[PDB]
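Next up, structure tokens for two forms of one chain, structure 1 and then structure 2.
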Structure 1
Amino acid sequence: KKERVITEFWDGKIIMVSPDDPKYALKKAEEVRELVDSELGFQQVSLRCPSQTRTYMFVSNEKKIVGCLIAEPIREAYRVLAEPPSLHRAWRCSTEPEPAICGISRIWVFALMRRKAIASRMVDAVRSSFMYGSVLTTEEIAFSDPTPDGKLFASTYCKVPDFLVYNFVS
């Protein structure tokens, strides 16, 4: 099994699965996506062809997939804004879009291994490997429809409250 290693660490390694890898890689990528979608509480997921996506996985020293990041190409995204408080979690965004390259469609870390910089290293791996001969900046990635955990992560990782978001309608 040829394996595409992006980065190696003392506590595991980050690998990437591309749309034109062998079937065994694409099934493992799918199994991992299924677990993530389920973890997020989806019963059914009907979307475009995964042939657009790239799947990054953080593999522990025990050969377990404990982190997963699915990236897809995007063109534009929107700065997130805090929902104004009511007089007596959600988010909004700006109306003007900004240019962006990489949209993080799903990001997940096994719960017992959270707060160990796994997600941060997966995004790092993406920023260095998504586009040939370029390292994306934090202003060139966006996150789809973030969960509360996603917001807290992205605002720290990107070092701003108004990080880029995508994958929404009106």
Structure 2
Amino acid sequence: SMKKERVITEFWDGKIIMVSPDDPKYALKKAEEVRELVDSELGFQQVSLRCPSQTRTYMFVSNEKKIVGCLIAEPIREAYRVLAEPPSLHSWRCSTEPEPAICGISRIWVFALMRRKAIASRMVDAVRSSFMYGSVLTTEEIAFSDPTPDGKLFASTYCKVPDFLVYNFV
């Protein structure tokens, strides 16, 4: 059963594919499982995001055909600069004025033992290149959803600033 998947970029140590919702079920089945694998690690139960028709899921596949990286993009329209949280004298915040964003990084995850290998970086590249046809997104037109500390350490370096855009906060 040789069935053709969608490559965004090929690398010497893997490739980044993408599963759109209007894809063959063989792709959706795999895409759904690696979601569940991520969400359990990130510690989520029944997410159910909005606009399910336009939510693209990226996967970094190693040379041994193992999904070592996953990223789930979704369309947004405005986001906010992350801010450092004021300390509490007696033992994260976000701006209130929004800026226009185009792509939201819902969840991103790299296999633990394969981290610090630019897998996350290359998947976020793939989104910039291939999220909207015939257009490359900027470091400032992407936003991350409720980033964890690791995530915050990642976006600060990737976006080249400390006040990178984030969304879906409370």
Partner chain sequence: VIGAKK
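Each form is matched to the other, and the largest set of C-alpha atoms that superpose within 1.5 Å is called the rigid core. The first residue in the sequence of structure 1 is number 1, and each one after it adds one. Residues that one form lacks are left out of the comparison.
- Note: the form deposited without the partner chain is the second of the two, structure 2.
- Of the residues listed here (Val45, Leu35, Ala117, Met131), only one shifts its CA by 2 angstroms or more between the two structures after fitting on the rigid core, and it is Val45.
- A C-alpha shift of 0.3 Å is found for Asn61 between the two structures, based on superposition of the rigid core.
- In sequence order, 42 to 52, 86 to 88 are the runs of at least 3 consecutive residues whose Cα positions differ by 2 Å or more between the two structures once the rigid core is superposed.
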